[PDB]
């Protein structure tokens, strides 16, 4: 892997959509938190070794979907992850698919359950960079923790960002805008105030947004992206060795996981290299 400054949309080869012999294990989990008893899936990379430490990426489904959608026949994201890790395009990581369904949970308020229940449950059981899952242990491993999502799950992602910068450094909002404001500048300012309160430097948080040029999400995302670009908090470029903000728009892509899985193929290899604990040249 090498960073590009303006990475372009490129679908995974069609071969990546079929099962790979080097298949990561997908574990169905059940936990109880502030929204009652709920499930999530945990993708473990092929060769997962609990004596090693893995990057972790939490990835939210869209409206009318559930914690099983992303690894279902409708999406098959695990095949793409399996092929990309096997081919060395993507460093091995843990991918979690939770749900905003259940109890008092909504796409907007999921971050509260994420903080209190989901991180402690997943990262007590599986080997992340978290030494412990106290607030301190989670915060001290933030550079190795990412959140993303599609549509309503992209809205989850923006609310995770504004409320969880202490816990998460890498954000992948796909086809979803941040509902918090009466203008694009209010949206940008809300994110800027979150960043100000966090104390973090511009080198300590990263946003790879994406959508399709034929995805309705573009209408509200693009103005938000333009307003954020104007902030001093963001240096626009996909080269995260130099800046921290990018917006990939896939030509012709519609509001459909068939396209959105390719955004994760394009974007997820960009994550978790800044202050990484390996000696890599990107």
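Numbering follows the first chain given and starts at 1.
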Mean C-alpha B-factor comparison - 134 to 142 and 177 to 185, higher one: 177 to 185
Stretch with the greater mean C-alpha B-factor as recorded in the entry, comparing 222 to 230 against 38 to 46: 222 to 230
Residue with highest C-alpha B-factor in the PDB entry, from 106, 151, 78, 99: 106
Candidate residues 204, 193, 166, 82, the one whose C-alpha B factor the record puts highest: 193
Position of residue 244 among the chain's modelled residues by C-alpha B-factor, lowest, middle or highest third: lowest
Third of the chain, ranked by Cα B-factor, where residue 19 sits: highest
Residue 13, C-alpha B-factor rank within chain (lowest, middle or highest third): highest
Lowest, middle or highest third - CA B-factor, residue 31: highest
B-factor third for the C-alpha atom of residue 238 within its chain: lowest
